[PDB]
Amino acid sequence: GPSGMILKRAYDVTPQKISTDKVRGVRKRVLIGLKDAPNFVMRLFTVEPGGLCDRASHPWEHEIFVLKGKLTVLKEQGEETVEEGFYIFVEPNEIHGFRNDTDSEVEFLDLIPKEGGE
């Protein structure tokens, strides 16, 4: 594939609204997307106050790192709170979701294998 290196301010990407049956109040920046990624993609999610990614599962993993704020993680059985500086590994097919129960935006990095899209 191509050579080189990209160095870019993540906020130079405009956060795009995500709106699905399960997702409301969330925006996403694609940092390293399908047009460039050899194996896996890097996105930066912003969860607005009250925003929700309701419980779901899918046949690929997540690797997440929380950049800003206090995030509620929805699990099969209950919920748990994380904050800036936490990482999360979600196994393939594990039930998960996210909610922002605070007044300010939450941001996290989210990487998935590229077979799961961007």
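One-based numbering along the sequence shown.
When 92 to 100 is weighed against 16 to 24, 16 to 24 comes out higher, by mean CA B-factor as recorded in the entry.
Remark: stretch with higher mean C-alpha B factor among 56 to 64 and 77 to 85 is 77 to 85.
In this PDB entry, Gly1 carries a Cα temperature factor that places it within the highest third of its chain's modelled residues. In this PDB entry, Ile32 carries a Cα temperature factor that places it within the lowest third of its chain's modelled residues.
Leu71: CA B factor lies in the highest third for its chain, per the PDB record.
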